[PDB]
């Protein structure tokens, strides 16, 4: 399964250099873009956390949490744990840790993984009035041996491109790292312009 991804990451993300490190971001963001395309997500936030980890927040419907008959597991768990807009499990495999929060039907559903392996069963941890999905991941330095340090300008450039290609979407990029905090927000207007 996902162990194959950890041993041959080059076959799944193209490179284990800085390029592959940034590719992880797009693999998660692309899923949020698909939910904007479906018509539900209106805003996406990408955050470089102070420790070079990544958070992606959207306000879509939230990844399905119901048990699938085919697997006997919550759909969201399968998304991150089974190899398949299909790259979530690859990001999981290549991260020291990944946590997902799904905001759906008044509840926050939470699951975490470590180097691709499930920590515990999906659990309701809070009540909420919002909807969407938040994915946070820490890229694995065992995989990304050259660099685990993000390039804000590189991310911002593509985020702007994504805003343009998905006209109407609100998408932002934020750097929370020490001595260089920054945020850029992008939104190209539709017919209301």
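Positions refer to the first chain, counted from 1.
Asks: In at least a third of the other compared PDB entries, does residue 72 have no coordinates?
Replies: Across the other compared entries, residue 72 is absent from none.
Asks: Does a third or more of the other compared entries skip modelling residue 115?
Replies: That residue is present in all of the other compared entries.
Asks: In this entry, is the chain continuous from residue 114 to residue 115, or are deposited residues missing in between (none, 1 to 3, 4 to 9, 10 or more)?
Replies: The entry has no gap there; residue 114 and residue 115 are joined directly.
Asks: Mind pulling up the entry and telling me whether 135-143 or 58-66 has the higher mean Cα temperature factor?
Replies: Comparing averages over the C-alpha atoms only gives 58-66.
Asks: Do the C-alpha atoms of 119-127 or of 91-99 have the higher average B factor in the entry?
Replies: Averaging CA B-factors over each stretch, the winner is 119-127.
Asks: When the deposited Cα B-factors of this chain's modelled residues are ordered and cut into thirds, is residue 183 in the lowest, the middle or the highest one?
Replies: Highest third of the chain for residue 183's C-alpha B-factor.
Asks: For residue 11, return the chain-relative third of its C-alpha B-factor as stated in the PDB record: lowest, middle or highest.
Replies: CA B-factor rank for residue 11: highest third.
Asks: Where does residue 155 sit by CA temperature factor within its chain: lowest, middle or highest third?
Replies: Middle third.
Asks: Please say which third, lowest, middle or highest, residue 46 falls into when its CA temperature factor is compared across its chain.
Replies: Lowest third of the chain for residue 46's C-alpha B-factor.
Asks: Comparing residue 36 with the other modelled residues of its chain, is its CA B-factor in the lowest, middle or highest third?
Replies: For residue 36, whose C-alpha B-factor we compare with every modelled residue in the chain, the answer is the middle third.
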